[PDB]
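Asker: Residue numbers (the authors' numbering), protein chains in the order written: chain S, 176 to 349; chain K, 48 to 86; chain J, 24 to 102; chain N, 159 to 176, 178 to 787; chain V, 23 to 306; chain U, 5 to 236, 259 to 308. For every residue, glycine included, the Cβ atom is placed at its ideal position computed from N, Cα and C.
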Amino acid sequence: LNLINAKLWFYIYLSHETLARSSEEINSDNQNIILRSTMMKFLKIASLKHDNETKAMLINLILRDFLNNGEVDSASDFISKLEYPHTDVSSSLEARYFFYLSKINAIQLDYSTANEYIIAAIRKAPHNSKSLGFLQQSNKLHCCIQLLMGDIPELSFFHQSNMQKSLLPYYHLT
Amino acid sequence: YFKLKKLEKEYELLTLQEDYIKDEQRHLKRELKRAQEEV
Amino acid sequence: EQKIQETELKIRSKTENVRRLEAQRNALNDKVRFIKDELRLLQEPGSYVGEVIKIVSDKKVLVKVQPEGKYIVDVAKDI
Amino acid sequence: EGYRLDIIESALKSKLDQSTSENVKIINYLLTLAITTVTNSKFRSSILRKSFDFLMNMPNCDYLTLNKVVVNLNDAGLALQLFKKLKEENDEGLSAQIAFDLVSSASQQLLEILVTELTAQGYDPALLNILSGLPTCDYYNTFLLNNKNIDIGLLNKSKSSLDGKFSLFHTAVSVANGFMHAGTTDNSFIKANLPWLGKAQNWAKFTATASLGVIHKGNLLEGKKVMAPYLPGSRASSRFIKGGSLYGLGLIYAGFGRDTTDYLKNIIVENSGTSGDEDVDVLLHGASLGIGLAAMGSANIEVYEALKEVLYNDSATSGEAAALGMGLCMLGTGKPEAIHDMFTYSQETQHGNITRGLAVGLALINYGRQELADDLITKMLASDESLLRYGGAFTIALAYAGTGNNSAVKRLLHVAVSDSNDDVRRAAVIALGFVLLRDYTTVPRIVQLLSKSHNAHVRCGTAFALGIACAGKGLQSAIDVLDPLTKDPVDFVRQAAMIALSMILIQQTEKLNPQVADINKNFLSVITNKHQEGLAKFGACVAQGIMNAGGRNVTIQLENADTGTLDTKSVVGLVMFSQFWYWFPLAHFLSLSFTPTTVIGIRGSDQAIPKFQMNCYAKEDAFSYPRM
Amino acid sequence: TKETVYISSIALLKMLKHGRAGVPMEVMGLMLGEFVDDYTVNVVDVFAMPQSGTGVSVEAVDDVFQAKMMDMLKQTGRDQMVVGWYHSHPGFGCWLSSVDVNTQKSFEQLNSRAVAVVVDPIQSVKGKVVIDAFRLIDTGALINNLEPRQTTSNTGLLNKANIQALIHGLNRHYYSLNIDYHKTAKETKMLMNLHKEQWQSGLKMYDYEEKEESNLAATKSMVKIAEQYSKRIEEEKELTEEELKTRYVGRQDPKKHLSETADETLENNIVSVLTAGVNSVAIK
Amino acid sequence: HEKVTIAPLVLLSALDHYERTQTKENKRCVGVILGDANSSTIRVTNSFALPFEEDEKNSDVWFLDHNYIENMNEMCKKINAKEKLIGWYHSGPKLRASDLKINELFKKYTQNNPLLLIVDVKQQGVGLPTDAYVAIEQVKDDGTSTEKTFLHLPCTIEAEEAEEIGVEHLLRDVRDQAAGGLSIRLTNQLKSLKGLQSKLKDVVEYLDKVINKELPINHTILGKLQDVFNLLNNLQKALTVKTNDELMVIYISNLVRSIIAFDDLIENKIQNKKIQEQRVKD
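Laid out in structure tokens, this is it:
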């Protein structure tokens with residue numbers, strides 16, 4: 176069990192958003208069909224007696240791939256297989272659950288639900304290489320939700336994490 | 048294969064040793080004040 | 024087979040809970056027993072406390088009792 | 159768990175291999192678990208008959224598999240056909256090849272059918288005395304005598320110390336003398352010096368006369384004839400003496416039921432109407448327990464009816480002894496008629512030993528009933544009386560030796576932990592030692608919590624399981640477990656450890672048990688120290704007498720490694736042996752549980768022991784004669 | 023040679039109303055029942071003796087008092103045979119009384135089944151009945167040496183000092199017995215349903231909720247006023263930067279300043295759960 | 005207030021006499037109580053037994069010894085002279101009317117107010133079957149006459165230093181005294197309603213008694229059963267607006283302070299962490 180980690184294949188999709196050097200092996204993106212079955216290849220390995228831990232981290236990166244590509248209606252069908260006991264949470268998981276999933280509320284048109292799931296983006300968000308890249312998108316989705324129902328505690332409090340110029344138009348929207 | 052018959056040894060230990068103490072915890076608490084007030 | 028693996032996976036899950044049930048039971052075993060120990064330990068009227076002016080080479084010790092005079096007594100094996 | 163009859167015959171045809180006896184081991188793998196693993200009685204009865212005729216036609220195969228078949232079926236039909244096919248060869252060693260292992264295999268019901276009923280069936284009349292149980296303890300009379308090497312100075316240290324009244328020196332030393340000389344027919348220790356022989360008390364002479372019910376075991380004419388003045392034609396005193404002569408009389412016998420049939424019956428009938436004297440209760444007490452010999456292993460109405468009139472005399476002496484004989488009348492599945500009668504009389508008599516004796520007999524009536532006996536067990540456990548809860552454990556666990564069932568143990572947990580009563584808690588301890596026979600290492604695990612608390616009976620039930628499964632096998636984890644039980648001045652807690660210290664240390668010498676020297680002081684130096692109580696000095700000779708009984712040649716094993724089953728007299732004898740509360744002189748019942756460890760050779764024609772050189776071990780550092 | 027004492031529940035507590043809580047100047051009385059000697063002992067019917075200025079005397083032993091009591095045996099239907107007498111003494115360490123034994127000696131030849139059971143009204147405050155018995159030799163080895171108390175191991179008799187070690191030599195005048203208690207089915211669950219803990223409290227519907235008008239606001243004041251102090255004191259004691267552990271005040275100092283405050287929050291939470299909500303049993 | 009306090013020995017002393025003579029099935033066992041009470045409060049401790057016999061067909065058959073039974077009180081007078089006769093107790097499983105006729109004979113020997121208890125041979129009810137009677141002249145609205153009748157008052161079982169631990173030492177099995185006792189009492193309160201619901205089933209039979217042949221109707225019972233509607259149910263709905271708010275405040279203060287005190291066990295992980303640092307010598 177513990178010999179398989181979620182960072183094994185995690186470096187694959189990181190090359191897809193570059194759109195400069197790699198871009199699969201071709202611009203047609205016809206190889207992702209095999210990769211789609213390759214991402215789900217470990218889901219079939221997950222069974223009743225197999226994958227009591229890694230199975231938790233399988234659907235995640237697959238579900239994190241559904242932002243701009245892939246069906247997001249299967250996530251409602253993934254609820255049947257979504258029920259599992261949670262073994263443990265170690266370090267960087269807290270920021271890797273609902274970060275990309277904070278955009279699910281951009282479809283169903285819901286508000287109060289966004290308050291509970293926006294905290295997942297700000298928990299242990301800053302890292303060495305994730306301070307510039309992944310921390311900016313945390314407050315961008317956090318500040319807009321603060322204007323949906325509640326209020327913003329301070330305009331300069333968000334500058335320590337995300338650039339104030341990135342959240343500047345949201346301050347004018349206030 | 049044959050180990051499956053012996054896998055019920057440690058499996059039945061924790062089940063019989065669980066409810067044995069759980070009920071006793073309420074008896075020892077009640078029997079505590081009996082001897083506590085006796086002295 | 025799953026019957027072989029599933030049976031073993033249910034051991035380590037319930038192991039930690041049973042260990043603390045015995046610790047809580049043994050914690051109560053040192054209470055009521057301490058209650059019964061109060062019967063034998065209190066059979067004597069009590070103990071005396073005094074100041075030690077000096078010691079000797081006879082494996083005795085001089086202890087000055089406050090209400091009474093000076094008395095040379097014997098120590099124990101722990102001191 | 160599949161219970162499919164077709165493949166059992168089909169997969170047998172898939173294996174065509176016919178060493179023929181070694182090939183049966185493959186067949187034996189499935190048929191060995193029919194008792195332990197398989198809990199169904201239909202798997203045993205409706206199947207084993209199929210493979211029965213397969214190995215019977217060609218008389219070359221493993222016969223140990225067929226030995227386990229006739230154990231739990233209680234049917235002599237299979238044992239009847241084994242001797243018919245082997246009769247064609249007319250070989251006394253081939254036909255009796257299976258019959259020699261049927262002593263501990265078949266029950267007492269089959270052994271009686273294999274003696275009288277085979278006279279006209281074309282069976283060897285010279286083989287009749289073998290199936291009756293004679294060539295069992297008779298071989299060990301020499302094994303416990305000529306090979307017996309001990310030191311009298313061990314017992315001579317306690318020979319002259321002080322003269323105890325009640326039982327004490329006239330019992331603890333006498334019962335030790337009973338065990339040590341058991342099988343040797345040596346009475347010389349009792350006749351050593353005159354004065355301490357006649358200074359014994361009333362119930363001390365009850366044990367002194369019953370102490371010869373052990374040393375003389377395995378005899379016929381020498382059983383009751385040792386002491387002349389205690390036999391009819393001469394009398395001694397007006398108090399209890401001869402009661403022990405008939406108390407341990409059946410312990411000497413090999414299971415003969417016709418010797419005590421008419422001798423003990425006429426005494427009960429004459430004393431049935433009214434017992435007003437002391438001498439009337441002397442003969443009636445011993446005649447009530449020993450009358451079960453004629454009712455042993457077979458249904459007997461006369462023993463059941465005759466002992467009923469004894470309970471109407473309002474006497475607690477022979478009342479409980481008559482209750483034991485009534486329970487021994489039915490050994491087997493039993494009948495509900497005799498069960499309801501003993502339950503009704505429990506609300507009539509005012510005596511405690513008789514009221515509890517009716518509950519003890521209920522466990523003996525049902526043998527092998529197990530879950531079907533839960534109706535009677537529920538009725539006994541639902542009553543508020545302490546004496547009415549007895550067989551709620553022993554009745555459940557019989558065939559469950561080795562690998563057991565957690566549901567049977569679970570029902571005994573919440574009952575024993577919630578109630579602090581002595582009779583309710585001690586009852587469930589009986590079934591604990593039967594379930595732990597699977598692994599001796601796991602014995603100080605489940606019941607390990609019993610010694611972690613502080614109490615008399617809570618710590619008393621700890622080492623009872625250590626003297627059963629951990630006795631002959633031995634364990635290195637049982638050392639520190641018995642340490643806190645020794646320091647407790649409570650006698651029953653100290654005696655419980657001394658029972659474990661005696662049984663676990665059986666057959667131990669240098670390099671086997673380096674701690675035997677320190678434990679030795681617990682069975683001797685306790686007599687020297689007068690700060691202890693009577694049972695500490697009483698159990699000092701008794702526990703020491705268990706190890707060296709017969710010269711350390713015998714041990715205590717309930718389940719034999721041959722058939723994987725229990726013994727009739729070994730299991731029932733140990734249950735009532737450990738209870739000193741209501742009846743003190745119960746220490747004599749341990750004689751029926753003695754099983755030695757050796758290998759006995761059998762001659763083909765006359766079935767004797769040939770004299771030759773045996774190959775086992777030539778050194779003293781592994782298995783040798785333990786001594787000082 | 024050896025016996026065992028069993029006493030029922032009805033015969034257990036009668037005089038102990040006068041003995042235990044009914045102050046000194048104890049009384050005595052007669053016990054009745056049926057049993058068989060050397061095996062079991064039974065006590066059923068009990069009635070006490072009159073009280074005089076000198077306590078136990080000849081007038082209490084005289085049968086003139088018992089003459090009218092024996093007539094009430096057949097009338098009330100409760101009648102048995104004499105199983106002995108009972109007394110009490112204010113916890114004498116050695117030789118309670120030699121007068122009660124003289125009464126036992128004169129009545130022993132006519133019965134020989136009589137058992138003298140005395141109880142200490144002083145040291146019985148713990149709730150356990152003090153076990154003591156005086157009896158003549160049963161079937162004698164006691165004229166020289168014998169051990170009473172069937173199952174001679176049993177349990178240590180405790181008591182104090184003197185008569186514990188005098189059992190061996192004085193066995194002729196002192197016969198030890200272990201007293202045990204028993205009860206039938208009508209004495210077990212019948213009395214338990216009407217007693218349990220405190221009282222039976224017939225008509226359980228009676229409660230304090232019908233008394234609640236101004237006390238409802240008083241309950242709201244108890245869960246606030248006294249609770250606000252437990253909030254500040256808990257932080258005040260923990261603010262100490264000393265620690266150092268070892269001994270110091272740690273026997274129990276912090277309970278009232280730290281841990282009991284958590285219990286003080288619970289004390290007001292217990293009375294909140296006591297009536298809880300909707301204690302009117304549904305309806306409206 | 006008059007509150008009868010009964011010692012449990014009274015029930016045990018009579019229980020023995022029920023087994024001896026086999027007195028049951030509409031057979032009353034008369035007895036007398038004892039105590040010293042100069043006030044309205046009645047204290048019942050000691051009790052005697054009166055050898056009474058009656059006929060089942062004829063309720064007017066009664067025989068009671070006057071000065072012959074008082075010999076037990078004379079024998080007890082030398083024992084305890086502080087307590088005198090404060091009343092009497094009977095069985096009355098079907099409540100014979102013989103006690104209604106003569107209140108003088110029992111009051112002649114008892115200087116206290118007349119008191120009549122009930123000890124049944126059964127007494128197996130989960131409720132409070134033991135009942136007390138006070139015989140006085142009470143005005144009845146039934147329209148017949150004003151005569152001496154029974155006045156019901158609640159009673160209980162006495163517990164003193166002698167018998168408090170004595171009964172607990174005999175049982176010592178099921179006690180369970182803790183905060184969890186609410187589930188036992190509130191269920192018994194539901195059983196008390198179900199116990200009275202069984203009494204309401206007898207009220208269902210009370211109408212069948214009117215359906216029976218030639219039975220009268222009690223006007224006093226009709227007065228209590230007439231107010232069962234206007235008292236206490260959609261009538262209370264108007265007051266449920268401000269009533270439900272009082273039940274919510276109990277939940278508000280409870281739930282906020284319940285999650286506080288339970289957070290002081292955090293030291294378990296702190297002490298367990300220090301154990302690993304103490305393993306240098308382990």
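Is it the case that the stretch 194-205 of chain V contacts the stretch 121-135 of chain U, given that we only count it when at least three CB pairs across the two stretches are under 8 Å?
Answerer: With a cut-off of 8 Å, the stretch 194-205 of chain V and the stretch 121-135 of chain U do not count as touching, because too few Cβ pairs lie within range.
Asker: Report the partner residues of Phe156 of chain V according to the DSSP bridge assignment.
Answerer: Counted from its first residue, the fifth sequence places residue 156 of chain V at position 134. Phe156 of chain V pairs with V:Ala138.
Asker: Using 8 Å as the limit for Cβ to Cβ distance, is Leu223 of chain S near chain J?
Answerer: Walking along the first sequence from the start, residue 223 of chain S turns up at place 48. With 8 Å as the cut-off, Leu223 of chain S counts as an interface residue toward chain J.
Asker: By the 7 Å beta-carbon criterion, what residues does the stretch 72-97 of chain J contribute toward chain N?
Answerer: Listed in sequence order: no entries.
Asker: List, in order along the chain, the chain J residues whose C-beta lies closer than 7 Å to that of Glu71 of chain K?
Answerer: As a working mapping, residue 71 of chain K is identified with position 24 in the second sequence. Those are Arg48, listed as they occur along chain J.
Asker: Less than 8 Å between CB atoms is the rule here; does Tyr67 of chain K satisfy it with respect to chain N?
Answerer: Sequence index remark: in the second sequence, residue 67 of chain K carries index 20 (1-based). By this cut-off, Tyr67 of chain K is an interface position.
Asker: Whole angstroms are fine: how far does the CA of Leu571 of chain N sit from the CA of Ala587 of chain N?
Answerer: Within the fourth sequence, residue 587 of chain N is the residue found at index 428, counting from 1. Within the fourth sequence, residue 571 of chain N is the residue found at index 412, counting from 1. So the two alpha carbons sit approximately 6 Å from each other.
Asker: At a CB distance below 9 Å, what residues from the stretch 48-71 of chain J approach chain N? Give them in sequence order.
Answerer: Within the stretch 48-71 of chain J, the residues whose Cβ lies closer than 9 Å to some Cβ of chain N are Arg48, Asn49, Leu51, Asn52, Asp53, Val55, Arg56 and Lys59, listed in chain order.
Asker: Would you list the residues sitting across from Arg47 of chain U in a DSSP beta bridge?
Answerer: Position 43 of the sixth sequence holds residue 47 of chain U. According to DSSP, which records beta bridges pairwise, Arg47 of chain U is partnered with U:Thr9.
Asker: Going by DSSP in three states, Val84 of chain J sits in which element: helix, strand or coil?
Answerer: Residue numbering aside, residue 84 of chain J sits at position 61 when the third sequence is read from its first letter. Reduced to three states, the DSSP call for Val84 of chain J is strand.
Asker: Do you know how far the Cα of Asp271 of chain U is from the Cα of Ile278 of chain U?
Answerer: For the purposes of this step, residue 278 of chain U is taken as the residue at position 252 of the sixth sequence. For the purposes of this step, residue 271 of chain U is taken as the residue at position 245 of the sixth sequence. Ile278 of chain U and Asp271 of chain U: Cα-Cα distance of roughly 11 Å.
Asker: Would you tell me roughly how many angstroms separate the C-alpha atoms of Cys220 of chain N and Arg515 of chain N, rounded to the nearest one?
Answerer: By one-based count along the fourth sequence, residue 220 of chain N stands at place 61. By one-based count along the fourth sequence, residue 515 of chain N stands at place 356. Roughly 50 Å between the two C-alpha positions.
Asker: In three-state DSSP terms, what is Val675 of chain N?
Answerer: Within the fourth sequence, the letter at position 516 stands for residue 675 of chain N. Of the three classes helix, strand and coil, the one that applies to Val675 of chain N here is helix, per DSSP.
Asker: Got a sec? Which residues, its chain only, sit under 8 Å from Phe211 of chain N by beta carbon, not counting five neighbours each side?
Answerer: As a working mapping, residue 211 of chain N is identified with position 52 in the fourth sequence. Cβ within range, chain order: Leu225, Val228, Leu237 and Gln240.
Asker: Output the boundary residues of the alpha helix (DSSP H) element that contains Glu167 of chain N.
Answerer: Within the fourth sequence, the letter at position 9 stands for residue 167 of chain N. Taken as a continuous stretch (DSSP letters only), the alpha helix (DSSP H) holding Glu167 of chain N covers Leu163 to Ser172.
Asker: Per the contact definition of three or more C-beta pairs closer than 8 Å, is the stretch 5-12 of chain U in contact with the stretch 146-158 of chain U?
Answerer: Touching, per the Cβ criterion.
Asker: For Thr23 of chain V versus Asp202 of chain V, is the C-beta spacing smaller than 8 Å?
Answerer: Here the question's residue 23 of chain V lines up with position 1 in the fifth sequence. Here the question's residue 202 of chain V lines up with position 180 in the fifth sequence. Not a contact, by the Cβ cut-off of 8 Å.
Asker: Can you give the Cα-Cα distance for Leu197 of chain U and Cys319 of chain S, rounded to whole angstroms?
Answerer: As a working note, residue 197 of chain U is residue 193 in the sixth sequence. As a working note, residue 319 of chain S is residue 144 in the first sequence. Distance between the alpha carbons of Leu197 of chain U and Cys319 of chain S: 58 Å.
Asker: I need the straight-line Cα distance from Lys299 of chain S to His317 of chain S, nearest angstrom please.
Answerer: By 1-based counting over the first sequence, the position of residue 299 of chain S is 124. By 1-based counting over the first sequence, the position of residue 317 of chain S is 142. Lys299 of chain S and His317 of chain S: Cα-Cα distance of roughly 14 Å.
Asker: In chain order, what residues of the stretch 390-413 of chain N put their CB closer than 7 Å to some CB of chain K?
Answerer: Cβ contacts with chain K: none found.
Asker: Considering only the alpha carbon of each residue, which of N:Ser447, N:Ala413, N:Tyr412 and N:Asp438 lies closest to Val428 of chain N?
Answerer: To locate residue 428 of chain N, count along the fourth sequence from 1; it is residue 269. If we check each option's Cα against that of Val428 of chain N, N:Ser447 comes out closest.
Asker: Leaving out the 5 sequence neighbours to the left and right, which residues in its chain are closer than 6 Å to residue 177 of chain N when beta-carbon positions are compared?
Answerer: The model of chain N omits the segment between 176 and 178, and residue 177 of chain N is among the residues lacking coordinates.
Asker: Report the CB separation of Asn314 of chain S from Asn280 of chain S in whole angstroms; it is logged as a contact under 8 Å.
Answerer: Residue 314 of chain S sits at position 139 when you count from the first residue of the first sequence. Residue 280 of chain S sits at position 105 when you count from the first residue of the first sequence. The Cβ separation is near 16 Å, so there is no contact.
Asker: If we call anything under 8 Å between Cβ atoms a contact, is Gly402 of chain N one with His444 of chain N?
Answerer: The residue labelled residue 402 of chain N in the question sits at position 243 within the fourth sequence. The residue labelled residue 444 of chain N in the question sits at position 285 within the fourth sequence. Their beta carbons are under 8 Å apart, which means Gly402 of chain N touches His444 of chain N by this criterion.
Asker: Along chain N, which residues have their Cβ under 8 Å away from the Cβ of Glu84 of chain K?
Answerer: For this step, residue 84 of chain K is matched to residue 37 along the second sequence. By Cβ distance, chain N contributes nothing, its closest Cβ being about 18 Å from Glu84 of chain K, past 8 Å.
Asker: Tell me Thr160 of chain U's beta-bridge partners as DSSP assigns them.
Answerer: Against the sixth sequence, residue 160 of chain U aligns to sequence position 156. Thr160 of chain U is bridged to U:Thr9.
Asker: If the cut is a Cβ gap below 8 Å, which residues of chain N does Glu45 of chain J touch?
Answerer: Stepping through the third sequence from its first residue, residue 45 of chain J is reached at position 22. The contacting residues are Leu608 and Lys611.
Asker: Counting pairs of Cβ atoms below 8 Å between the stretch 167-185 of chain V and the stretch 124-139 of chain V, do you hit three or more?
Answerer: Touching, no.
Asker: Where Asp765 of chain N and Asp283 of chain N are concerned, what is the direct C-alpha to C-alpha distance, given to the nearest angstrom?
Answerer: For the purposes of this step, residue 765 of chain N is taken as residue 606 along the fourth sequence, with counting starting at 1. For the purposes of this step, residue 283 of chain N is taken as residue 124 along the fourth sequence, with counting starting at 1. The straight-line gap from Cα to Cα measures roughly 12 Å.
Asker: Can you give me the Cβ contacts of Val385 of chain N inside the same chain, cut-off strictly under 6 Å, excluding the 5 residues immediately before and after it?
Answerer: In the fourth sequence, counting from the first residue as 1, residue 385 of chain N sits at position 226. Cβ neighbours of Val385 of chain N beyond the five flanking positions: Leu371.
Asker: Mind checking whether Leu470 of chain N and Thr508 of chain N have CB atoms under 8 Å apart?
Answerer: Residue 470 of chain N sits at position 311 when you count from the first residue of the fourth sequence. Residue 508 of chain N sits at position 349 when you count from the first residue of the fourth sequence. Closer than 8 Å, so yes.
Asker: Check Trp355 of chain N in the structure and name its three-state DSSP category.
Answerer: Within the fourth sequence, residue 355 of chain N is the residue found at index 196, counting from 1. Helix at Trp355 of chain N.
Asker: Looking only at DSSP bridge pairs, what is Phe67 of chain U linked to?
Answerer: The sequence position of residue 67 of chain U within the sixth sequence is 63, counting from 1. In DSSP, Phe67 of chain U forms a bridge with U:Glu57.
Asker: Could you tell me whether any Cβ in chain K is nearer than 8 Å to the Cβ of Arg189 of chain U?
Answerer: The count along the sixth sequence starts at 1 and reaches residue 189 of chain U at position 185. Not closer than 8 Å to any Cβ of chain K, the Cβ of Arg189 of chain U fails to qualify, so no.
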